[PDB]
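Right, one structure below, let's go through it.
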Amino acid sequence: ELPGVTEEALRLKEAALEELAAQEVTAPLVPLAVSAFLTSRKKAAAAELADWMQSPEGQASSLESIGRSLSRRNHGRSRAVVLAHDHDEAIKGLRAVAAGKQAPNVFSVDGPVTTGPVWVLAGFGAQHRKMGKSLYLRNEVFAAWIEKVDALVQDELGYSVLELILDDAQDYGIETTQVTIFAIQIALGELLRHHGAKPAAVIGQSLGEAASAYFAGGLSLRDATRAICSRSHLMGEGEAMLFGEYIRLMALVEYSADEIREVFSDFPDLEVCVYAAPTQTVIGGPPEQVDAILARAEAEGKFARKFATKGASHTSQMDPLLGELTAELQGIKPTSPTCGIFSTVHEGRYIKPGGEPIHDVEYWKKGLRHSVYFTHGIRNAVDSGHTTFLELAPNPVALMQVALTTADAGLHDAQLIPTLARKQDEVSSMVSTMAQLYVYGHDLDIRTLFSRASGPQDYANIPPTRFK
Ligand SMILES: OC[C@H]1O[C@@](CO)(O[C@H]2O[C@H](CO)[C@@H](O)[C@H](O)[C@H]2O)[C@@H](O)[C@@H]1O
Ligand SMILES: OC[C@H]1O[C@@](CO)(O[C@H]2O[C@H](CO)[C@@H](O)[C@H](O)[C@H]2O)[C@@H](O)[C@@H]1O
Ligand SMILES: OC[C@H]1O[C@@](CO)(O[C@H]2O[C@H](CO)[C@@H](O)[C@H](O)[C@H]2O)[C@@H](O)[C@@H]1O
């Protein structure tokens with residue numbers, strides 16, 4: 001028997017709902033699907049739908065009912081979705097689809113993407129105060145998984161992540177950023193899975209590696225939760241006690257790996273934490289050297305940005321923690337993966353579905369202690385045919401690094417699909433995510449984006465639901 005939702009979480013949840021219940025209702029974002037075997041016919045269906053939506057009958061029908069009817073057609077090879085809040089946006093977006101023109105709320109392709117999507121599990125720097133709260137209050141499936149992770153983390157570390165999510169006065173530190181983003185990562189993917197989606201492959205980045213192992217079938221949710229919990233409290237306790245000459249900084253620099261090779265001969269104590277993009281690398285080390293390399297970068301007109309931490313993960317500074325990390329993970333059970341893994345721990349190499357288990361106790365030690373080969377994992381996915389990268393996160397920070405690598409690999413038509421984003425309506429965001437999965441032909445039951453009909457008013461008087 002796991003712990004239940006704490007009383008303080010229930011208390012905070014009630015305050016949040018009363019807050020929510022007294023706000024201005026925003027019009028929901030509705031996906032309108034249209035498709036055909038031929039792009040020409042798809043374009044004609046779009047203009048026909050927009051003609052009718054302009055008619056008095058179409059004006060009197062709700063977007064939700066129009067979208068539900070559309071959701072029930074046959075879904076052809078050439079597809080499009082218009083995301084819309086009202087009839088104008090819809091008609092406007094439909095006119096672009098008909099015209100073959102681009103629009104911010106419009107996705108349209110002549111045919112499906114050929115290979116499945118890669119789920120990107122990062123997190124590093126994606127966090128913000130209220131992340132995940134709105135979707136917890138408003139999506140029952142999301143909320144169920146958050147509470148499930150919240151119960152396991154209560155059991156591992158003795159506190160409630162849900163309390164952090166719901167209490168606006170509270171913010172995130174080295175430790176709680178990791179367990180909370182993890183919880184958000186788990187809940188976003190299960191939400192997606194609930195609507196019929198699934199990863200073709202996963203790739204992770206530091207904190208995200210735990211969730212990637214779960215979505216890859218490499219660890220039970222419990223053992224993935226043990227993996228993120230042990231690493232995160234050790235890191236937060238470790239860097240908390242760092243002062244003076246024990247301080248190691250972390251910074252992003254616009255230097256490639258080959259540049260870093262040359263540049264580090266002047267700085268004997270610097271190490272690579274993350275190969276993020278082909279020309280962006282996260283480095284760590286003593287403050288004097290970190291400051292010097294940044295100064296070298298600025299003078300060379302390159303980007304350099306210091307992070308907020310007195311300790312450097314993925315460096316030798318993690319050596320004191322590894323003994324305890326080992327003890328806390330005794331008992332985990334690695335399992336043969338059920339989708340592909342681009343392992344940025346193991347230098348970015350690919351592990352086939354059904355291969356040998358990788359998510360060993362040694363794997364989590366190596367992951368915390370050593371460099372993250374992110375751009376190599378991504379480059380490897382591109383070179384093996386993947387074009388869709390979907391990032392589960394409260395903010396799509398890693399998708400920026402992914403775009404750098406895909407363009408560098410020559411792939412300019414990449415499907416870069418975010419999930420949540422700060423100051424974007426969290427429900428609208430997920431609508432948009434699942435819309436995009438559909439338009440590109442990935443696994444997604446577009447019918448599940450609409451509540452079951454309880455009346456004829458739930459459909460619009462169009463095919464396939466015309467009224468006799
Ligand atoms: O939720 C808004 C409103 O609720 C109050 C109590 O009436 O505070 C609740 O919500 C805060 C935000 O999450 C919590 O920090 C607080 O603990 C909780 O009681 C008001 O103070 C606030 O304006
Ligand atoms: O250890 C000496 C060696 O390392 C340098 C590199 O810049 O400095 C570092 O080591 C010092 C300890 O001896 C620290 O005080 C300092 O913070 C660190 O950058 C040079 O002093 C020399 O080449
Ligand atoms: O073409 C089939 C393919 O399309 C997806 C979405 O990309 O599912 C759609 O088509 C199904 C009928 O074949 C519908 O059941 C579903 O509602 C619709 O989204 C994929 O999931 C499917 O493999």
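Numbering starts at 1 and runs along the sequence shown. Keep in mind that the numbers below use all heavy atoms, side chains included, and drop hydrogens, waters and symmetry copies.
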Work out which heavy atom in [X] is nearest to a heavy atom in [Y]; give both atom names and the distance.
X: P396; Y: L420; result: CD-O, 3.6 Å
X: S432; Y: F107; result: OG-CE1, 4.4 Å
X: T419; Y: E391; result: OG1-O, 2.6 Å
X: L392; Y: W119; result: CD1-CE3, 3.8 Å
X: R447; Y: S71; result: CG-O, 3.3 Å
X: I417; Y: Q436; result: CG1-OE1, 3.5 Å

Heavy-atom check, side chain of [X] versus side chain of [Y], under 4.5 Å:
X: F124; Y: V397; answer: no
X: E271; Y: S316; answer: yes
X: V113; Y: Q415; answer: yes
X: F374; Y: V402; answer: yes
X: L449; Y: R68; answer: no

Separation of [Y] [atom2] from [X] [atom1] (nearest 0.5 Å):
X: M400; Y: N395; atom1: CE; atom2: CG; answer: 8.5 Å
X: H314; Y: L368; atom1: NE2; atom2: CG; answer: 6.5 Å
X: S160; Y: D167; atom1: OG; atom2: CG; answer: 10.5 Å
X: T315; Y: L249; atom1: OG1; atom2: CG; answer: 11.0 Å
X: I146; Y: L162; atom1: CD1; atom2: CG; answer: 7.5 Å
X: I184; Y: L191; atom1: CD1; atom2: CG; answer: 13.0 Å

If we ignore hydrogens and angles and just use 3.5 Å, is the side chain of [X] paired with the main-chain N or O of [Y] as donor and acceptor?
X: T375; Y: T405; value: no
X: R79; Y: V109; value: no
X: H359; Y: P334; value: no
X: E426; Y: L135; value: yes
X: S371; Y: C273; value: no
X: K133; Y: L166; value: yes
X: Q289; Y: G285; value: no
X: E89; Y: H85; value: yes
X: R222; Y: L219; value: no
X: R226; Y: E328; value: yes

Give a yes-or-no answer on whether the side chains of [X] and [Y] include a donor-acceptor pair shorter than 3.5 Å.
X: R379; Y: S384; answer: no
X: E209; Y: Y363; answer: yes
X: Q178; Y: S232; answer: no
X: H195; Y: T448; answer: yes
X: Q330; Y: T326; answer: no
X: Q317; Y: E239; answer: no
X: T279; Y: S256; answer: no
X: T6; Y: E163; answer: yes
X: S65; Y: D458; answer: no
X: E156; Y: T225; answer: no

Please list, chain by chain and in numerical order, all residues satisfying ring pair (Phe, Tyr, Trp, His ring centres under 6.0 Å) with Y275, sequence neighbours excluded. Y373, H376

Take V161 and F182, measure what side-chain contact (heavy atoms from CB on, under 4.5 Å) needs, and give me the verdict at the end. CA-CA 10 Å; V161 154; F182 169 84; over 6 Å; no

Determine, step by step, whether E14 and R11 satisfy the salt bridge (charged side-chain N to carboxylate O under 4.0 Å, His left out) criterion, reporting the C-alpha distance in whole Å, the side-chain angles of both residues, the deciding distance to 0.1 Å, and the verdict. CA-CA 5 Å; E14 192 43 51; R11 194 194 64 78; over 6 Å; no

Short N-O contact, [X] and [Y], less than 4.0 angstrom:
X: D425; Y: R138; value: yes
X: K366; Y: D360; value: no
X: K333; Y: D223; value: no

By side-chain hydrogen bond (donor to acceptor under 3.5 Å, both in side chains), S35 pairs with (sequence neighbours left out) none

side-chain hydrogen bond (donor to acceptor under 3.5 Å, both in side chains) evaluation trace for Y136 with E147: CA-CA 9 Å; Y136 173 90; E147 305 183 0; 2.4 Å; yes

Please report whether the ring centroid of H386 lies less than 6.0 Å from that of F342. yes

